[PDB]
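> here is the input, now give the coordinates:
(chains A, B and C)
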Amino acid sequence: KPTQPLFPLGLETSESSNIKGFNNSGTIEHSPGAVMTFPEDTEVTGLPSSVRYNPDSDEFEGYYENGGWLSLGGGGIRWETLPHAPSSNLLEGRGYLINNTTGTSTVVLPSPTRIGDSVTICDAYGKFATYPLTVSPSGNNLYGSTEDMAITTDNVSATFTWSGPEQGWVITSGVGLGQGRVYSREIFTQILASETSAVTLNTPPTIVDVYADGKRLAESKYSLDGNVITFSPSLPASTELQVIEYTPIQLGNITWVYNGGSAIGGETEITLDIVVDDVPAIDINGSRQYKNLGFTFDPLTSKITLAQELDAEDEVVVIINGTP
Amino acid sequence: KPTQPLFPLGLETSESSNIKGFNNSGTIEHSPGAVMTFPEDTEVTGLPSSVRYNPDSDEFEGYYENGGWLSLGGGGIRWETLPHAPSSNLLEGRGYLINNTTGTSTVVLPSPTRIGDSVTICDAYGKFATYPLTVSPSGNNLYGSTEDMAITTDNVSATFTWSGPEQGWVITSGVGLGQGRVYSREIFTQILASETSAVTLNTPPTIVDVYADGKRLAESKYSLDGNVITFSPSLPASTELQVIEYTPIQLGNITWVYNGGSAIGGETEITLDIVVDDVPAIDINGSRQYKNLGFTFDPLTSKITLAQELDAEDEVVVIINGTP
Amino acid sequence: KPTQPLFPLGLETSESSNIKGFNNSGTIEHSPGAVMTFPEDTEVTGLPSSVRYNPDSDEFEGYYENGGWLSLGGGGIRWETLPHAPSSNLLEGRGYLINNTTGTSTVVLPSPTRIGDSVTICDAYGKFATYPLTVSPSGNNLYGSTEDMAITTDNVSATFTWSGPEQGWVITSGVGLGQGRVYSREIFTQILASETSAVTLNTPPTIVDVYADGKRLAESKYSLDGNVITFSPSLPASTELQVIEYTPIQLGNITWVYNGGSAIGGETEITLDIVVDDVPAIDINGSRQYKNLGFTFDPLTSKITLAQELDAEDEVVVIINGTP
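Numbers count the residues shown, from 1 in each chain, chains lettered A, B, ... in the order given. This is the structure:
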């Protein structure tokens, strides 16, 4: 019956043994000095409770019933400073303190390998309003599209999480998040030759960011009306000016000028080029008129049905879905 | 004196031994192939540094001095896709990518067992504005109440954390969070028989969500004035219409019409049904009047003290605590 | 050649052995009852895959290639209730459910030791609007300054993360975050002797919080115009009143009165004491005028260039960069 030697009081050992494994039935304790290790291993095969150190990935993984290998007790963020570079590849599980004090920069998300793959960035210096961070999903999509995205709010922090290839990276956690920007086209470029109050574009744009010598200008500092950008204050000669059309991406949770403030007169219909959500009120020559009293507005048609005929040389201003 | 056999150069072993434990005083190393395991165990008793694999819970726990058993190096999020179901039980420590593309859905929070028990959800498809997610604390309260809560902002992500039974689940982490809704009553139900510009309610409601064929309508598309909801645009015949009273729950960080725009005349007192926070201004027939100049308003009394007598057939509009 | 005793079928042991380590080449398994331990150790020296229990820190650390010792599978949050105290030291890696139901309180961030050191707080009771939480970076700076910060939004949750000493603690994760306050000066103190509609300050302040018997008053309840605070409603005699100047700190993502509503007449220039971002419109005696039609405004100069001479006894109100 007995398969192997039996040591009823156990055994002491005074140098390192070389043991091909054991089923243990008692307490594994340690003494001062006792160092202890996990085996190196990069393989998919495993059994629940098996634990390892991954030398490739530098992560202590255990092998969980459903989903095999994974980091021990879920995961957590590995913070590091990021040298300001024009471009930087990030790794799953890290967090990057970004310093855009010097200018804009780009980070490139890693190839996703698992649902829940995560990368955290942070405007540690509060500089993204003026020097946006561009985030690149490489060829995989971000919010259902492969378009790069820029974060133009300073002090914003954000965890990107892989939802799978259909919607791709989505932000699961963050602070400070306003409108993401998806820049479509650099629709104006110019080394300004004189002091510049305004510039005219080749096309009326939807909505634009403006960049002076690679520094994003705040929306308070310029105004886009039709196809002219006006600059308050002006910009000096020699300035590297860029205008960039973009599509907003909403994370967190409007005035119309008719005929340059000139009233055609005896008209009941105003048509707004943009289909508008709502028109609560219209200011006429410093007098406010309210919807379903002074006027009727049809949303699909974008047509304001005026109650009475206009006079000649009146000033008309429209409020569009404002602080409802 | 010697208690057991001594092996001064250690021992080699060529098959698995069967060892009832040992105090180890040297380096436990491994060779290629070396697999290593933690013991299975679901018990409360433990000693600091004891480590285990929990087979019930599928989590690698260590036993920490204060609070015994816990996940190794705190925790972290276990992401998984969630099949769109009308209802779904979630587990502590998981995160759920939700797909509400097809319609609304409900998730039910687990029984809490420990302070800091956490569950993460995510509108991965940006669909909660139109197909809200309802979150259920089962019988335990959420923000101090056992009422279910709905998230109607798309692209929102949110970690719910157990604070104990008094306040219950609270969101500790998230992105996109606007107003939670706590639906009190389905105050109107109807299969519409004609095209519908408006509907009258059995009661004037405080604030309402509207649902057409189980899809939540945006606040831009309808207006609730007194006890009539008006619809811009209209809704087709056959539509499954629902109106739902709810109480907001504020996470992140207003016009009054008097006598249907008809002035009674020679009056100095306007009373606002809702007690109002503040009344900066009143528009009278397209002329704005400012508080503590044109008028005096008392907040508890909700009474606007007009400086001069009203004329007959004037239009009066009040601004209530607007963009201060 | 043979260095030590060879046991070709392994060995059984019936009591605890005392082994000075081994290179293991096979499966370490366990039986029911098998308890297993990591060695205690608080030292910087280590080799990749070495694992330990830290008795000082109560954390199960592994030794990662780059950065040696660290919590196993990154980290995660250790939630605990916080006894309401006037002041409380927090520990790295914990999260604190705060109860400010009873009144304001202060938490003090720990000495940072590693980039990514993190502490989470949470207004579990939704009480910070009325009883702000003050956060102290001790002598280290927070957002580049050593000034304490107060959170006055209820239901806010927030993780503070060490970015290194230059910018110091930054919030990397959170919910509900509005304007941080950095209180500079208690610029008014008084036990009120009568019912109080208003109080006059020794200095015109920029922006102020107000506290009645240690409870922060909501901005709806009082108004600061020039150097007079007006109170709507009033405050009872015996009230412990405090006014506090502060500088906002923006995380998430305006009316000017000229000569007390009295028009000097025949003037084209209005100068605004604060340099203003933008002035879209000016209300004159209940008539709105729009920028670049009715008027021209220069931002650096803060000068409104009126088109026509003022009349005597007119009312002028200015809109400053409002809901653009």
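> for chain A, which strand is longest?
Counting residues, the longest strand found in chain A (DSSP state E) is strand A:179-191.
> what comes into contact with it?
A:132, A:143, A:145, A:147-152, A:199, A:201-203, A:205, A:208-209, A:229, A:238-251 (C-beta atoms under 8 Å, 6 or more residues apart in numbering or on different chains). To be clear about C-beta, it is placed using only N, CA and C from the backbone, and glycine gets the same treatment.
> how about the residues of the stretch 101-250 of chain A by chain C?
Residues of the stretch 101-250 of chain A lying close to chain C by C-beta under 8 Å from any C-beta of the partner chain are A:120, A:122, A:124-126, A:153, A:155, A:157, A:159, A:173-178, A:219-220, A:232-233.
> from the contacts of strand A:179-191, which ones fall inside strands?
With DSSP E as the criterion, strands contain A:149-151, A:199, A:208-209, A:229, A:240-250 from among those.
> buried set for stretch A:78-94?
Buried residues in stretch A:78-94, defined by neighbour count with 16 or more other C-beta atoms under 10 Å in any protein chain shown: A:78-80, A:82, A:84, A:88, A:90, A:92-94.
> which residue does the stretch 151-300 of chain A bring closest to chain C?
Nearest residue of the stretch 151-300 of chain A to chain C (C-beta to the nearest C-beta) works out as residue A:286 at 2.7 Å.
> just the buried subset of the contacts of strand A:179-191, written out for ChimeraX, thanks.
Only the buried entries of those go into this ChimeraX selection, using 16+ other C-beta under 10 Å:
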select /A:132,143,147,148,149,150,151,152,199,201,205,208,209,229,239,241,242,243,244,245,246,249,251
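> if we check chain B, which of the contacts of strand A:179-191 are in contact?
Counting by C-beta under 8 Å from any C-beta, the members of those near chain B are A:143, A:250-251.
> just put the residues you listed in CSV and tack on distance to residue C:108.
What follows is these, written out as CSV (distance: C-beta to C-beta, whole Å):
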residue, distance to residue C:108
A:143, 40
A:250, 37
A:251, 32
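> re the thing from before, wait, the residue of the stretch 151-300 of chain A closest to chain C touches residue C:293, no?
No - contact criterion C-beta atoms under 8 Å: residue A:286 and residue C:293 do not qualify, at 10.5 Å.
> what do those two both touch?
Any residue near both residue A:286 and residue C:293 by C-beta under 8 Å, 6+ apart counts here, and that gives residue A:315.
> higher neighbour count, the two?
Per other C-beta atoms under 10 Å in any protein chain shown, whichever of residue A:286 and residue C:293 has more neighbours is residue A:286, with 21 against 15.
> just give the nearest non-adjacent residue to residue A:21, would you?
Nearest non-adjacent residue to residue A:21, counting by C-beta to C-beta, 6 or more residues apart in numbering or on different chains: residue C:26, 2.5 Å away.
> which strand residues bridge residue A:145?
As for beta bridges, residue A:145 partners with residue A:142 under DSSP bridges.
> on that earlier part again, the residue nearest to residue A:21 contacts residue B:12, correct?
No - judged on C-beta under 8 Å, residue C:26 makes no contact with residue B:12 at a distance of 11.8 Å.
> between those two, which contacts overlap?
residue A:19.
> quick one, phi/psi of residue A:312?
Note on residue A:312: backbone dihedrals following degrees, to the nearest 10 are phi -80, psi 140.
> count the residues that sit near it.
Other residues near residue A:312 come to 9 when the count uses other C-beta under 10 Å.
> isn't it right next to residue A:259, touching?
No - Residue A:312 is beyond contact range of residue A:259, at 11.3 Å (criterion: C-beta under 8 Å).
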